[PDB]
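Each remark here refers to the structure printed beneath this line.
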Amino acid sequence: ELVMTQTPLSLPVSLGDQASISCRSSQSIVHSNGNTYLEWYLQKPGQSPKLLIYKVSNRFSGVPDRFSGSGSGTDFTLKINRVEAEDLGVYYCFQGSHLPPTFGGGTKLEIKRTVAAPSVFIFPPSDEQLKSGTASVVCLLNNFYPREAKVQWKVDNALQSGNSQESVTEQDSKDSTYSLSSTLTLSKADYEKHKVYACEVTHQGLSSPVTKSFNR
Amino acid sequence: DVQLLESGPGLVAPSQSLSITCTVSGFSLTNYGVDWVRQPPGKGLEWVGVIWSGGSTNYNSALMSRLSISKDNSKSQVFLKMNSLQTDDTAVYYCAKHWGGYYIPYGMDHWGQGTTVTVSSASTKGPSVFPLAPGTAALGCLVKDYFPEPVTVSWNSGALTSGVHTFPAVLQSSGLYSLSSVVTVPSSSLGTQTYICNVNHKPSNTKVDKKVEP
Ligand SMILES: Nc1nc2ccc(NC(=O)CCCC(=O)O)cc2[nH]1
């Protein structure tokens with residue numbers, strides 16, 4: 001039973017730099033016919049896997065020259081010269097010389113770009129939502145870098161905890177930014193009991209924490 | 001024009017059976033092997049099994065006692081069937097066409113979009129859709145309290161693509177999912193143009209169109 005060991009798990013890389021991904025197999029994957037059936041696949045956010053490299057070093061048609069596979073026996077390498085924003089995603093090696101075929105663990109390529117501050121928007125519960133017994137206050141942080149960002153909820157200046165949930169997008173394929181949503185969930189009763197709702201946001205690209213708010 | 005498209009039941013109860021159909025097009029299954037591959041939420045790609053052009057199969061070590069792949073050449077269809085489903089089996093299932101080589105493919109050419117399978121004893125719930133009301137304006141849709149994944153969200157029937165962000169779902173203490181899709185638009189068009197989000201939840205057959213207004 002062949003194992004494919006891919007390192008590293010996550011690979012942060014600046015735009016235009018080189019990225020090197022390693023696949024090691026627990027045995028030789030040179031087939032008895034002399035071929036070695038090792039492929040590399042990219043899976044981009046919200047997309048199916050796509051073939052880049054087959055038989056160790058052959059580029060699949062339409063794959064740019066910045067992508068090259070090499071190696072033999074057990075040690076194999078994918079190199080991406082001048083990493084582009086569009087190269088973002090998870091790379092998997094694949095071994096097909098031996099039954100059963102296996103994928104490596106995957107290597108996630110994150111892109112390192114310049115700092116970008118989020119734009120913040122706050123949304124009050126819709127009148128339709130209140131008219132069924134639940135209040136969702138949504139706070140949106142749009143197109144920022146890096147990923148680390150603190151979102152705090154203040155209800156009449158009472159700092160909230162335990163009653164909200166966050167969701168972050170994958171890194172954007174055109175500008176390597178993240179967006180995030182934080183959702184504050186209250187029963188209509190407990191919502192209509194309070195005046196000022198505030199989303200407070202902290203980020204490296206902001207000079208001090210920005211607050212978006214509204215009165216109910 | 002090569003196409004592969006998976007057709008699954010969306011939700012399956014534990015201990016029961018899974019049947020997914022891959023409908024294939026722009027090629028002949030007499031000539032091509034097809035792979036089945038899967039991906040549990042947040043985890044890596046797993047090879048599941050294969051059906052060779054001639055009709056013989058090979059299966060994954062872990063799943064092979066519960067797995068069987070078959071096909072209909074005349075119908076351009078490949079079938080994955082799987083017994084005794086566990087929570088573990090929750091995944092996106094892809095079919096993939098074989099490319100190149102004699103009796104071992106050089107790679108996997110073309111893939112289906114995937115089909116999502118949740119193994120659970122909960123029942124199907126359609127989402128409630130609530131507007132998120134708006135030189136740049138943000139507006140959105142809050143899509144709430146549905147099971148299982150996925151939902152698909154588009155704006156203006158797919159016409160408006162630029163600056164759309166549909167966030168990954170989150171699972172609530174209620175066992176129901178909830179997401180939001182938002183779009184950034186010009187402030188000046190808020191008076192002139194209308195914005196509708198199109199929310200589709202195939203497991204419940206619920207299609208909802210929502211007008212988001214100032
Ligand atoms: N996309 C792919 N699906 C598969 C399925 C099986 C593959 N390899 C083998 O079966 C190896 C057989 C080796 C032998 O000739 O004994 C290789 C492969 N690649």
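Chain letters run A, B, ... following the sequence lines, proteins first, then strands; residues in each count from 1. In listed order, ligands and their atoms are each counted from 1.
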Any atoms of ligand 1 less than 4.0 Å from a non-hydrogen atom of A:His31? List them with their elements. 13 (C), 14 (C), 15 (O)
Using a strict threshold of under 4.0 Å (side-chain N to carboxylate O), is an ion pair present between A:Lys174 and A:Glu84? no
What atoms of ligand 1 come within less than 4.0 Å of a heavy atom belonging to A:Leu99? 9 (C), 10 (O)
Under 3.5 Å, is there a donor on one side chain and an acceptor on the other for B:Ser189 and B:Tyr195? yes
Check for me whether the distance between the ring centres of B:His98 and B:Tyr32 falls short of 6.0 Å. no
heavy-atom search around atom 18 (C) of ligand 1 in the protein gives B:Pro105 CG, 3.7 Å
Numbered in order shown, the ligand 1 atoms found under 4.0 Å of a heavy atom of B:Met108 are 1 (N)
Would A:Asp65 and A:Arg59 pass as an ion pair if we require N to O under 4.0 Å? yes
Heavy atom under 4.0 Å from ligand 1: found in A:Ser97's side chain, backbone, both, or neither? backbone
Under-4.0 Å heavy-atom contact with ligand 1, by part of B:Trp52 that carries it: side chain
Counting only heavy atoms, which portion of A:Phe94 has something under 4.0 Å from ligand 1: side chain, backbone, both, or neither? side chain
Could you tell me which atoms of ligand 1, counted from 1 in the order shown, lie closer than 4.0 angstrom to a heavy atom of A:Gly96? 7 (C), 8 (N), 9 (C), 11 (C), 17 (C)
Going by distance alone, is a donor N or O of one side chain under 3.5 Å from an acceptor N or O of the other, for B:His165 and A:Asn143? yes
If you compare B:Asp35, A:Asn33, B:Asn58 by their heavy atoms, the one closest to atom 4 (C) of ligand 1 turns out to be B:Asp35
Sidechain N-carboxylate O distance under 4.0 Å for B:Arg38, B:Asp89: yes
Regarding A:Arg82 and A:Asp17, does a basic nitrogen lie under 4.0 Å from an acidic carboxylate oxygen? no
Within-cut-off N or O pair, B:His98 and ligand 1, under 3.5 Å: yes
Among protein heavy atoms, which sits nearest to atom 5 (C) of ligand 1, and what does the distance come to when rounded to 0.1 Å? A:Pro101 CG, 3.6 Å
Taking the six-membered ring for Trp, are B:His110 and B:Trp99 closer than 6.0 Å centroid to centroid? no
So, 4.0 Å and heavy atoms of B:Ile104: is ligand 1 close enough to count as a contact? yes
